[PDB]
Amino acid sequence: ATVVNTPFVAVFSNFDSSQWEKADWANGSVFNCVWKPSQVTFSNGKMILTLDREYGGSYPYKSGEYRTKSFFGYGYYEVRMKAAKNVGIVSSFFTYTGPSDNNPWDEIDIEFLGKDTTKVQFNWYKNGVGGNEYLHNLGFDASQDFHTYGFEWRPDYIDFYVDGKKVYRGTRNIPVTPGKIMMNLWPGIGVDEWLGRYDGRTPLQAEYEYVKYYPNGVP
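Residue 185 in the entry's author numbering sits at position 156 of the sequence shown, with consecutive numbering throughout.
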């Protein structure tokens, strides 16, 4: 149960599966899918999250959320990934803790709004209060090939990276509490102005090659 304070590397072409959990429940909130383990699969060196229709469940859609068992502190978080492109959905890479862990809801998000994959959205929560949505123009299409994305999280700031280059700093209401690293793919509900309305189109997938955490350095 020690916060991880040493380098962590999961390359999904070859990694210790035992450090991870597939979600098998519904997040609720603005997410119009249930998580199933069946929707997290592995091929071509990649972890694949697949949003697909769901049959006779309580949700119209199923999808995948993959989550570390460990909690991680201040430092540099990096994902290499290729977002799903579709109106109304999100592909993500983020850190999260909250009341499951007797913690405040402290979270740092990098989210690719399917409706426009030339943009990446940064956000974060502290004690359950967000309101930091910043949309960055990538200058390429995030769904077209893999790129790396990341943040150095520190007590006073979060610095956002795209392909090894720092493009933004947030300073307001920075989270404090070590979180689990997670990736998910979902259709939104009740959030049309933000995501567009979800199409209902399936299957859709987001693909990830790795996740790395460095307690010390940046690029």
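For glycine and all other residues, C-beta sits at the position ideal for the given N, C-alpha and C.
query: Among all the DSSP beta bridges, which residues are the ones paired with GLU236?; result: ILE77, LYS111
query: Along the chain, where does the beta strand (DSSP E) containing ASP170 start, and where does it finish?; result: Premise fails: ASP170 is in no beta strand (DSSP E) and is neither H nor E.
query: Assuming contact is defined by CB atoms lying nearer than 8 Å, are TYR90 and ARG82 in contact in what I supplied?; result: yes
query: Could you check the C-alpha separation between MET110 and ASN131 for me, to the nearest Å?; result: 31 Å
query: Please check the pair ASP138 and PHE151, which I expect to be a contact at CB under 8 Å, by giving their CB distance rounded to whole angstroms.; result: 7 Å
query: By Cβ distance below 7 Å, which residues in the same chain neighbour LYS75 in space, the five residues on each side in sequence not counted?; result: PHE41, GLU236, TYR237, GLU238
query: Kindly identify the DSSP beta-bridge partner or partners of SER46.; result: According to DSSP, which records beta bridges pairwise, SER46 is partnered with nothing at all.
query: Would you list the one or two residues that DSSP bridges to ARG82?; result: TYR90
query: Based on the DSSP secondary-structure assignment, which residues constitute the bridge partners of residue 320?; result: What is shown of the chain runs 30 to 248, which leaves residue 320 out entirely.
query: Alpha carbon to alpha carbon, how far is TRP215 from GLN68? Give it in angstroms, no decimals.; result: 11 Å
query: Give a yes or no on contact between the region 185 to 192 and the region 113 to 126, applying the rule of three or more CB pairs nearer than 8 Å.; result: no
query: Could you check what DSSP says for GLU181 in three-state terms: helix, strand or coil?; result: strand
query: Which residue spans inside the region 51 to 75 form an unbroken beta strand (DSSP E) run of at least 3?; result: 69 to 72
query: Is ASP53 close to the ligand ZN? I mean its beta-carbon at under 7 Å from any heavy atom of the ligand.; result: Looking at this structure, you won't find the ligand ZN or any other ligand, since it has none at all.
query: Rounded to the nearest angstrom, what separates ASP53 and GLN173 at their Cα positions?; result: 29 Å
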